[PDB]
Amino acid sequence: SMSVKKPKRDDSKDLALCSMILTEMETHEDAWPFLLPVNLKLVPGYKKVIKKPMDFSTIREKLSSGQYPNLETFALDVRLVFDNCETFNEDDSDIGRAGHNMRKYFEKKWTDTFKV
């Protein structure tokens, strides 16, 4: 509270670490459904069903222009990608399984990097 400050993390490396984690996502072989925005003029239903579309290139753009205030909001956008994926696709479809794979890949790197 006012004039009662907490021991805080050292966040000076966060931007560089989030960029490295996103680079590993972008280069994973199962990243192909997520590299670019879902083509709303070519995918029937997506616009109406998915309230907040999100993809790796939009996340990369936001990270390179200072639009994430903290690493918590960055993880929100990453998880948003895979939440959208689960909502719209079958778990055992190709896109659906890629999303499960990529989510597990992300959460391991998140813990390995920031829960040390």
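In case it trips you up, residue 1 is the first one in the sequence shown, and so on.
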| item | value |
| --- | --- |
| Segment of higher mean CA temperature factor, 19-27 or 89-97 | 89-97 |
| Given 56-64 and 43-51, the range whose Cα B-factors average higher in the PDB entry | 43-51 |
| Within-chain third of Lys13 by Cα B-factor, per the entry | highest |
| Third of the chain, ranked by Cα B-factor, where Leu36 sits | middle |
| B-factor third for the C-alpha atom of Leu71 within its chain | highest |
